[PDB]
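Each chain gets a letter, A, B and so on, in the order its sequence line appears, and its residues count up from 1. Quick note: numbers below take in every heavy atom, side chains included, and nothing from hydrogens, waters or symmetry partners.
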Amino acid sequence: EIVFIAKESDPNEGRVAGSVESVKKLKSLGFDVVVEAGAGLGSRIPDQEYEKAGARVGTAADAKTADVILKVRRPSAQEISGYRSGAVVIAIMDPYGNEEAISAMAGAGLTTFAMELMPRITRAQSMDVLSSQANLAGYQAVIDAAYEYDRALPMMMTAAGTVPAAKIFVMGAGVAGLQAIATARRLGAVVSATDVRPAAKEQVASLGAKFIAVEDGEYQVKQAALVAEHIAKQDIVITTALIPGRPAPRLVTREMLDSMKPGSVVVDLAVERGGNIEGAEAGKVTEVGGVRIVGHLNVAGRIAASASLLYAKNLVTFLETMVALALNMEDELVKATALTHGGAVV
Amino acid sequence: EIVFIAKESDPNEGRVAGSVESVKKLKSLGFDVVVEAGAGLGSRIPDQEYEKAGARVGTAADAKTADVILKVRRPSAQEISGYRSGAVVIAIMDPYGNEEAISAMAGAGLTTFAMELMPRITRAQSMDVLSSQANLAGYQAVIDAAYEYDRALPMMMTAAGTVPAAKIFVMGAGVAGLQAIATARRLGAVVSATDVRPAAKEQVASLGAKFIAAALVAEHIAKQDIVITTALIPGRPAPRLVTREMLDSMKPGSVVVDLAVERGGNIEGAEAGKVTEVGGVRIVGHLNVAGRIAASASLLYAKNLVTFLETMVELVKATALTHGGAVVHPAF
């Protein structure tokens, strides 16, 4: 059985479905492992490192002989033509409003699994793509901020005086938010955070950060006011509330932005879903009132090497649950992520 | 007496010689201050914040009313033609290789001082521009290295396994290098450094980084993800510390940062003002590095300048460049 690892075609996609270890992992499972020419490039795995990992190098043509396509993003309209009927395609399918494409893939007689649909119970954490990528985006968000910021993050004492620690504020205390807070905290920032779940307070606090909340519809109104107040005083803001499937909540308005001093910087990790931040533009850094608005696409892909490292691990751990290959549509993981099969949308 | 704070005219200069605090100090030392409209822009100081500090906003045509021009970069021929004979001009003059400009300034009858010429004496720490800028540059270096690198710098542990800590080697353990080390350490990298001064091994160990002490070097680099070079000697070419060959041996995707690129660079293949990619190795050669955190850089520089100006109300001998219509600095 042959696993094809595809080169991603999206100009914004530097990640890849296979790693060196992941590929060794695939070999152990008994697979013949093909890698499309140049697939690990954007992710800094040259094809010789794959060959050393057990895989042979191939091209788009071999994809039509694969029993499994491993991939990052949903096959585009011009790629699924290149797979065989009955082929298994595993990727971040982003199915949500993409039923035409889903139908397409059914039409091509493909069996597809959407990794975002992975059950997020603690027993399956090793296959959770949303988390693994979000963990990296949170880190990247602090790097990107510190980059767009015209001041240093740490406080610094020098002969010529002392430059103050930046005040960094993170909204949303999930995977991404935690990591952002931690990355901020090590760079020495004064770090505060907020989350709609008061259970997040415990975790935020344990990172040495300050949970921002009115302590007691009613609350919501007076919360909004504490935040608008806290925000004006901040140097950097990082929103992490990307809800999958859903529109991104507006957490920050032009009006709250407008309260911040010039030179402050904000990162919108939810820009591809509408944005947490009102003035955010997909794949752009815009400035407004001396405030930088950072809305990069595919943030985890900004450290593609690391992202691919983790993602490839997710893929193969999931795949193993299906192994030779014994495809079982009633299986619990399969039933949860299986998106099309046998020419049908399931 | 009147102090003019110039808007920098150089496309790659977002620093300014006057800050809100520094303008307060200037007024307190007996100086009325005129800021050129837009001067604090790149440094996140709106005209209005300058006024609120006691400065009058003006425009270039106003420079001639000043007895003291405070500045970041050396005056252009055009700019100097707009100052009054007799005015003092303090800036990072970059005299080396620009002695015609120095002469131009003498001819214009200016009294010019080059901040970079400050004696590295304990007494003048609070006015050392090289030191204040280098400290920020050292920090900025690691931020940029993190930006171009395709991996995280800290070892992170995820449900999906753990990403390793990047390995970073800082060459030159001076002001820049030390800060670079500290910042790499913060971000939880595996840090190492080298320097010819064996006294630097102390300081480096103390930041929790391993000190390394030509064959050994090429070998050690081959094992690094990230290398930073900070060996900048002012007025002199920069030492080659890393060759094309030492670089041919680095893992694809490794990134190197050359802080000395403005003098030929420490790293063979460095290109000033560019990030170049060869062999899958990125060579980061930005200019005016400290100016990549302008606001914070101007904060320190502006204070250097006022502090220095105060004394003139030894250092003058070492920094004085032109006066009374002549080039007076012995080194020129």
**Request:** Without swapping roles, check the side chain of B/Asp144 against the backbone of B/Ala141 for a donor-acceptor pair under 3.5 Å.
**Result:** no
**Request:** Dump the intermediate steps for side chain to side chain donor-acceptor pair (under 3.5 Å) on A/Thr158 and B/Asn135, then the final yes or no.
**Result:** CA-CA 9 Å; A/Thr158 65; B/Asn135 176 73; 5.5 Å; no
**Request:** Mind telling me whether B/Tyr147 and A/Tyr147 have parallel, tilted or perpendicular rings, with 30° and 60° as the class edges?
**Result:** parallel
**Request:** For atom NZ of A/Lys261, decide whether the heavy atoms of other residues, nucleotides or ligands shown that lie under 6.0 angstrom number more than 12.
**Result:** no
**Prompt:** Which atoms form the tightest heavy-atom contact between B/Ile181 and B/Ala193, and what is the distance?
**Reply:** CD1-CB, 3.8 Å
**Other residues, nucleotides, ligands: >12 heavy atoms within 6.0 Å of B/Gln48 CD** = yes
**Message:** Going by side-chain contact (heavy atoms from CB on, under 4.5 Å), B/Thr319 matches just one of B/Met93, B/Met118, B/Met127. Which one?
**Reply:** B/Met118
**Complete:** Smallest heavy-atom separation, B/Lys274 atom then B/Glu271 atom, equals NZ-OE1, 2.9 Å
**Request:** Identify the residue among B/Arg74, B/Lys71, B/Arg73 that makes a salt bridge (charged side-chain N to carboxylate O under 4.0 Å, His left out) with B/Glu8.
**Result:** B/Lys71
**Request:** Drop me the distance from A/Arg151's CZ to B/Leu136's CG, to the nearest 0.5 angstrom.
**Result:** 12.5 Å
**Item:** Point-to-point distance, once rounded to the nearest 0.5 Å, from NZ of B/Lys317 to CG of B/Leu117
**Value:** 11.5 Å
**Prompt:** In Å and rounded to the nearest 0.5 Å, what is the CG to CZ distance from B/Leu70 to B/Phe31?
**Reply:** 8.5 Å
**Request:** Could you tell me whether the side chain of A/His230 reaches within less than 4.5 Å of the side chain of A/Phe169, counting heavy atoms only?
**Result:** yes
**Message:** Counting only heavy atoms from other residues, nucleotides and ligands, does the tally under 6.0 Å from CZ of A/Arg185 exceed 12?
**Reply:** no
**Fill in**
Value for CG (B/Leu305) from CG (B/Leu300), rounded to nearest 0.5 Å, stands at 11.5 Å
**Request:** Tell me, yes or no, whether the heavy-atom count around B/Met312 atom CE, taken from other residues, nucleotides or ligands under 6.0 Å, exceeds 12.
**Result:** yes
**Asked** Rounded to the nearest 0.5 Å, how far apart are OG of B/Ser126 and CD of B/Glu310?
**Response** 9.0 Å
**Prompt:** Does A/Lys210 NZ have over 12 foreign heavy atoms under 6.0 Å away?
**Reply:** no
**Request:** Can you measure from CD (B/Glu116) to CG (B/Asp128) and round to the nearest 0.5 angstrom?
**Result:** 10.5 Å
**Candidate list B/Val34, B/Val35, B/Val33, B/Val89, test side-chain contact (heavy atoms from CB on, under 4.5 Å), partner B/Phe4, passing option** = B/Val34
**Prompt:** Any chance NE2 of B/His323 has more than 12 other-residue heavy atoms, nucleotides or ligands included, within less than 6.0 Å?
**Reply:** no
**Item:** Side-chain touch A/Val190/A/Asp235, heavy atoms, less than 4.5 angstrom
**Value:** no
**Prompt:** Of the non-hydrogen atoms in A/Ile277 and A/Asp268, which two are nearest, and what is the gap between them?
**Reply:** N-OD2, 2.7 Å
**Message:** I want to check something: taking the side chain as every heavy atom from C-beta on, are B/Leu232 and B/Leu259 in contact at a cut-off of under 4.5 Å?
**Reply:** no
**Request:** Could you check if a side-chain atom of A/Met260 sits within less than 4.5 angstrom of a side-chain atom of A/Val266, using non-hydrogen atoms only?
**Result:** yes
**Prompt:** Ignoring hydrogens and geometry, is there a side-chain-to-backbone donor-acceptor pair from A/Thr239 to A/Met171 under 3.5 Å?
**Reply:** no
**Request:** Determine whether B/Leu153 and B/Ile168 make a side-chain contact, defined as any pair of heavy atoms from C-beta on separated by less than 4.5 Å.
**Result:** yes
**Prompt:** Between B/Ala6 and B/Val16, which heavy-atom pair has the shortest distance, and what is it?
**Reply:** O-CG2, 4.0 Å
**Item:** Minimal non-hydrogen separation, A/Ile293 against A/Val288, with atom names
**Value:** CD1-CG2, 4.0 Å
**Prompt:** Side chains of A/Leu187 and B/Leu187: does their closest heavy-atom pair fall under 4.5 Å?
**Reply:** yes
**Message:** Does atom CG (B/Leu41) have a neighbourhood of more than 12 heavy atoms from anything else shown, all under 6.0 Å?
**Reply:** no
**Prompt:** Salt bridge or not for A/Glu287 and B/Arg44, using N-O below 4.0 Å?
**Reply:** yes
**Message:** Using side-chain heavy atoms (C-beta onward) and a distance below 4.5 Å, is B/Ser132 in contact with B/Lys303?
**Reply:** no
**Asked** Any idea which heavy atoms bring B/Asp195 and B/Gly172 closest together, and the distance?
**Response** OD1-CA, 3.8 Å
**Asked** Is there a side-chain contact between A/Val267 and A/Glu148, using heavy atoms and a 4.5 Å cut-off?
**Response** no
**Message:** Regarding B/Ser19 and B/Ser298, do their side chains bring together a donor and an acceptor under 3.5 Å, going by distance alone?
**Reply:** no
**Request:** Answer yes or no: is there an ion pair linking B/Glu21 with B/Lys24, defined by an N-O contact shorter than 4.0 Å?
**Result:** no
